[PDB]
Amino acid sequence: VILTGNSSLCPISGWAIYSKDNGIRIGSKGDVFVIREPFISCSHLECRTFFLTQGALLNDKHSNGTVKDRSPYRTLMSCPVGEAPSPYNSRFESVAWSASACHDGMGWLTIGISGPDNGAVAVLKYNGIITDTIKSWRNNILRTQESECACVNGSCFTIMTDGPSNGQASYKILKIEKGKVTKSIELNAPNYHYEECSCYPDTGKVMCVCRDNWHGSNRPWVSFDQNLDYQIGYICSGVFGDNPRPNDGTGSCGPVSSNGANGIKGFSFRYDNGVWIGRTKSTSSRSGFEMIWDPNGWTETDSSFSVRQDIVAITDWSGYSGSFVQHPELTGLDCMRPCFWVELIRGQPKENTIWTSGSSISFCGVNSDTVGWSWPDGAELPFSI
């Protein structure tokens, strides 16, 4: 089976809870990796949580966070959805301090970037075998999604950035077939900033919603077909999606400069001119999480919206979030099902531990009754070490 990727997004009314791993609570006693970016991706058969670890466990001296983010120890691993990430249940994928993965219907593509800041190399694997490499073209921290790539009709697609995180950088779309790059194009995007894209397939094309770390408190997007013919923009809604951000107000279809520097990995789903935005509840802190349906929010700049569904209370820590889909080949549906995961970050810099880790929760979009609540991490910090 190659996933066709030709279906359109399912009609939905809200979000039903799909998983919660309690990784940090369990890690208080069990042997659980210190992790970041616990992104989900699915095949035609099953779903997995991918993550990066510093190859260190919770409640151990090696969890000391002072280790640079981009270390030679960092690896991309995966485990079944909803399980604490342990060396006893986790598959090794790639050596990586920035990553993506996705399944095309026939096998897993994983992308893992390691190496020095001035010459990082992305190693691409398909079915665990090295199939290609991509080296840094601007010599300044080649980096990728930290969530699932998108697959349509036997090709898979991702976005990579190279250059400053605080100014203009360079952004490329890659088309990958059985783990080999067969096409790429650089975005002609002056004044845009793309990091940490959340990309999903929809109607034979791909939509990516990303993080502007330079000068945007709304989210940039890029969409493209199988030929890499692309469009770019920012989400117009005055319901601002980044963190930090200003209070909701008048949006812009370009980068909103107020509170624009810095950011958080996030996602959104476009439905016609409307948008489901996932975002933190706080405008200043990585706290809380909510889903907002803004029926004109893709193209219109008002701060009006119609539905809010709570996911994590503002009194609890959240973190990165990303899209994942479930294809008809997996679900038996006639439409592409949208889902998302949230990383619940504990420890530094907000809390007094030597380490920083996340646990995860995830939700799937359904057209049936749902409810808002708070499903926070739940660990009591500090631990012993």
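Residue indices: 1-based, along the sequence shown.
Trainee: With reference to the PDB entry, specify whether the mean Cα temperature factor is higher for 134-142 or for 245-253.
Mentor: Mean B over CA atoms: larger for 245-253.
Trainee: What stretch has the higher average Cα B-factor here, 373-381 or 13-21?
Mentor: It is 373-381.
Trainee: In terms of recorded Cα temperature factor, pick the maximum from 78, 118, 296, 147.
Mentor: That would be 118, according to the entry.
Trainee: Using the entry's values, work out which of 284, 309, 268, 110 has the largest Cα B factor.
Mentor: Comparing C-alpha B-factors across 284, 309, 268, 110, the maximum falls on 284.
Trainee: Sorting by Cα B-factor within the chain, modelled residues only, which third would residue 291 end up in: lowest, middle or highest?
Mentor: Lowest third of the chain for residue 291's C-alpha B-factor.
Trainee: With respect to C-alpha B-factor, does residue 325 fall in the lowest, middle or highest third of the chain as deposited?
Mentor: Bottom third by C-alpha B-factor.
Trainee: Taking the chain's C-alpha temperature factors as the reference, tell me which third residue 27 falls into: lowest, middle or highest.
Mentor: Within its chain, residue 27 is a middle-third residue by C-alpha B-factor, going by the deposited values.
Trainee: What third of its chain, lowest, middle or highest, does the C-alpha temperature factor of residue 218 fall into?
Mentor: Middle third - that is where residue 218 ends up once the chain's C-alpha B-factors are sorted.
Trainee: Among the chain's modelled residues, which third holds the C-alpha B-factor of residue 124?
Mentor: Tercile = lowest for this residue's CA B-factor.
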